[PDB]
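With CSV, N, CA and C atoms inside, this is work-v6.csv:
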```csv
chain,number,residue,atom,x,y,z
A,2,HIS,N,0.8,-1.2,0.0
A,2,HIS,CA,0.0,0.0,0.0
A,2,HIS,C,0.9,1.3,0.0
A,3,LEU,N,2.2,1.1,0.1
A,3,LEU,CA,3.1,2.2,0.1
A,3,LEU,C,3.2,2.9,-1.3
A,4,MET,N,3.3,4.2,-1.3
A,4,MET,CA,3.4,5.0,-2.5
A,4,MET,C,4.8,5.4,-2.8
A,5,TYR,N,5.8,4.6,-2.3
A,5,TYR,CA,7.2,4.9,-2.5
A,5,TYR,C,8.1,3.8,-2.1
A,6,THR,N,9.1,3.5,-2.9
A,6,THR,CA,10.0,2.4,-2.7
A,6,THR,C,11.2,2.9,-1.8
A,7,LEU,N,11.5,2.0,-0.8
A,7,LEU,CA,12.6,2.3,0.1
A,7,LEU,C,14.0,1.8,-0.5
A,8,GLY,N,15.1,2.3,0.1
A,8,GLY,CA,16.4,1.9,-0.4
A,8,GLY,C,17.0,0.8,0.5
A,9,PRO,N,18.3,0.5,0.3
A,9,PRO,CA,19.0,-0.5,1.0
A,9,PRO,C,19.3,0.0,2.4
A,10,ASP,N,19.2,1.3,2.7
A,10,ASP,CA,19.5,1.9,3.9
A,10,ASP,C,18.2,2.3,4.7
A,11,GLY,N,17.1,2.5,3.9
A,11,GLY,CA,15.9,2.9,4.5
A,11,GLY,C,15.4,4.2,4.0
A,12,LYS,N,16.0,4.7,2.9
A,12,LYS,CA,15.6,6.0,2.3
A,12,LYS,C,14.4,5.9,1.4
A,13,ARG,N,13.4,6.8,1.6
A,13,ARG,CA,12.2,6.8,0.9
A,13,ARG,C,12.4,7.3,-0.6
A,14,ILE,N,11.7,6.7,-1.5
A,14,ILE,CA,11.8,7.2,-2.9
A,14,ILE,C,10.5,7.1,-3.6
A,15,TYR,N,9.9,8.3,-3.9
A,15,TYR,CA,8.6,8.4,-4.6
A,15,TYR,C,8.7,7.8,-6.0
A,16,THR,N,8.3,6.5,-6.0
A,16,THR,CA,8.3,5.8,-7.3
A,16,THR,C,7.0,5.0,-7.5
A,17,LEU,N,5.9,5.6,-7.3
A,17,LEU,CA,4.6,5.0,-7.4
A,17,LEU,C,4.5,4.2,-8.8
A,18,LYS,N,4.9,4.9,-9.8
A,18,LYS,CA,4.9,4.2,-11.2
A,18,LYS,C,3.5,3.7,-11.5
A,19,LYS,N,2.5,4.5,-11.1
A,19,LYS,CA,1.1,4.1,-11.3
A,19,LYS,C,0.8,4.1,-12.8
A,20,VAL,N,1.2,5.1,-13.5
A,20,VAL,CA,1.0,5.2,-15.0
A,20,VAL,C,2.1,4.4,-15.7
A,21,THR,N,1.7,3.7,-16.8
A,21,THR,CA,2.6,2.9,-17.6
A,21,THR,C,3.8,3.8,-18.1
A,22,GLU,N,3.6,4.6,-19.0
A,22,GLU,CA,4.6,5.5,-19.6
A,22,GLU,C,4.5,6.9,-19.0
A,23,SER,N,5.7,7.6,-18.9
A,23,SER,CA,5.7,8.9,-18.3
A,23,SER,C,6.5,9.9,-19.2
A,24,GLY,N,6.0,10.3,-20.3
A,24,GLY,CA,6.7,11.1,-21.2
A,24,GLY,C,5.7,12.0,-22.0
A,25,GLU,N,6.2,13.2,-22.4
A,25,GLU,CA,5.4,14.1,-23.2
A,25,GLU,C,5.4,13.7,-24.7
A,26,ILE,N,4.2,13.4,-25.2
A,26,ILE,CA,4.1,13.0,-26.6
A,26,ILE,C,4.3,14.2,-27.5
A,27,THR,N,5.3,14.0,-28.4
A,27,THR,CA,5.6,15.1,-29.4
A,27,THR,C,4.5,15.2,-30.4
A,28,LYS,N,4.4,16.4,-30.9
A,28,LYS,CA,3.3,16.7,-31.9
A,28,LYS,C,3.7,16.1,-33.3
A,29,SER,N,2.7,15.5,-33.9
A,29,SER,CA,2.9,14.8,-35.2
A,29,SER,C,2.7,15.8,-36.4
A,30,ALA,N,3.0,15.3,-37.6
A,30,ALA,CA,2.9,16.2,-38.8
A,30,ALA,C,3.7,17.5,-38.6
A,31,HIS,N,4.9,17.3,-38.2
A,31,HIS,CA,5.8,18.5,-38.1
A,31,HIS,C,6.2,19.1,-39.4
A,32,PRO,N,6.6,20.3,-39.4
A,32,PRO,CA,7.0,21.0,-40.6
A,32,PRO,C,8.3,20.5,-41.2
A,33,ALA,N,8.1,19.7,-42.3
A,33,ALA,CA,9.2,19.1,-43.0
A,33,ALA,C,9.8,20.1,-44.1
A,34,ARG,N,11.1,19.9,-44.4
A,34,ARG,CA,11.7,20.8,-45.4
A,34,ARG,C,10.9,20.8,-46.7
A,35,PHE,N,10.8,22.0,-47.3
A,35,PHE,CA,10.0,22.1,-48.6
A,35,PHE,C,10.9,21.9,-49.8
A,36,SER,N,10.7,20.9,-50.5
A,36,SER,CA,11.5,20.6,-51.7
A,36,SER,C,10.8,19.5,-52.6
A,37,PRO,N,9.6,19.9,-53.2
A,37,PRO,CA,8.9,19.0,-54.1
A,37,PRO,C,9.6,18.7,-55.4
A,38,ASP,N,10.3,19.7,-55.9
A,38,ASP,CA,11.0,19.5,-57.1
A,38,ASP,C,12.5,20.0,-57.0
A,39,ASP,N,13.2,19.9,-58.1
A,39,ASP,CA,14.6,20.4,-58.1
A,39,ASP,C,14.7,21.9,-58.4
A,40,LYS,N,13.6,22.4,-59.0
A,40,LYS,CA,13.6,23.8,-59.4
A,40,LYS,C,13.5,24.7,-58.2
A,41,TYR,N,13.2,24.1,-57.0
A,41,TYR,CA,13.0,24.8,-55.8
A,41,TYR,C,14.3,25.6,-55.5
A,42,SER,N,15.4,25.2,-56.0
A,42,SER,CA,16.7,25.9,-55.8
A,42,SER,C,16.6,27.2,-56.6
A,43,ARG,N,17.0,28.3,-56.0
A,43,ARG,CA,17.0,29.6,-56.6
A,43,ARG,C,18.1,29.7,-57.7
A,44,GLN,N,19.2,28.9,-57.4
A,44,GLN,CA,20.3,28.9,-58.3
A,44,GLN,C,19.9,28.4,-59.7
A,45,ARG,N,19.1,27.3,-59.7
A,45,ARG,CA,18.7,26.7,-61.0
A,45,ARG,C,17.9,27.7,-61.8
A,46,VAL,N,17.2,28.6,-61.1
A,46,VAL,CA,16.4,29.6,-61.8
A,46,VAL,C,17.3,30.8,-62.4
A,47,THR,N,18.3,31.2,-61.6
A,47,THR,CA,19.2,32.2,-62.0
A,47,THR,C,19.9,31.9,-63.3
A,48,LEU,N,19.9,32.8,-64.2
A,48,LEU,CA,20.6,32.6,-65.5
A,48,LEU,C,22.0,32.1,-65.3
A,49,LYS,N,22.7,31.8,-66.4
A,49,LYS,CA,24.1,31.4,-66.4
A,49,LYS,C,25.0,32.4,-65.7
A,50,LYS,N,25.6,31.9,-64.6
A,50,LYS,CA,26.5,32.8,-63.8
A,50,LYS,C,28.0,32.5,-64.1
A,51,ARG,N,28.2,32.0,-65.3
A,51,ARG,CA,29.6,31.7,-65.8
A,51,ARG,C,30.2,32.8,-66.6
A,52,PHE,N,29.3,33.6,-67.3
A,52,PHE,CA,29.7,34.7,-68.1
A,52,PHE,C,30.8,34.2,-69.1
A,53,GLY,N,30.6,33.1,-69.7
A,53,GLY,CA,31.5,32.6,-70.7
A,53,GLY,C,31.4,33.2,-72.1
A,54,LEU,N,31.5,34.5,-72.2
A,54,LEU,CA,31.3,35.2,-73.4
A,54,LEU,C,32.6,35.1,-74.2
A,55,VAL,N,32.5,35.4,-75.5
A,55,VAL,CA,33.7,35.4,-76.4
A,55,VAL,C,33.8,36.7,-77.3
A,56,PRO,N,34.1,37.8,-76.6
A,56,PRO,CA,34.2,39.1,-77.3
A,56,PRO,C,35.4,39.1,-78.3
A,57,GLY,N,35.2,39.8,-79.4
A,57,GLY,CA,36.3,39.9,-80.4
A,57,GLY,C,35.8,40.5,-81.7
A,58,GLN,N,36.2,40.0,-82.8
A,58,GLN,CA,35.9,40.5,-84.1
A,58,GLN,C,34.4,40.1,-84.5
```

Output the file's structure as structure tokens, nothing else.
Amino acid sequence: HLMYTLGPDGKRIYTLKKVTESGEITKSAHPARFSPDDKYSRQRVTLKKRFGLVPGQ
């Protein structure tokens, strides 16, 4: 009928453990990274950044 477990010396320890699990359930459907396609990258959209021109005659 005790609501606490004693130690090897006689020290009381509140360990009713009435409930099975004792933890805060994390929220589901968390915000996952957005990336449905490869075009998502701003770099892919940006024009050629190589500037490989050939000025001359």

Distance atom N of residue 4 in chain A-atom N of residue 24 in chain A, one decimal place? 20.1 Å

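You will find CA of residue 18 in chain A at 12.9 Å from CA of residue 2 in chain A.
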
Give me every strand (DSSP E) residue in chain A, going by DSSP on the backbone, as a PyMOL selection string. chain A and resi 6-7+13-14

Would you kindly return, as a PyMOL selection string, each protein, DNA or RNA residue with an atom no farther than 6 Å from any atom of residue 5 in chain A, considering all atoms listed in the file and excluding same-chain residues fewer than 3 positions away? chain A and resi 13-17

Could you check how far atom C of residue 30 in chain A sits from atom N of residue 42 in chain A, in Å to one decimal?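 Computing it gives 22.3 Å between the two atoms.
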
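All residues within chain A that the backbone DSSP calculation assigns to alpha helix (DSSP H) are residues 43, 44, 45 and 46 of chain A.
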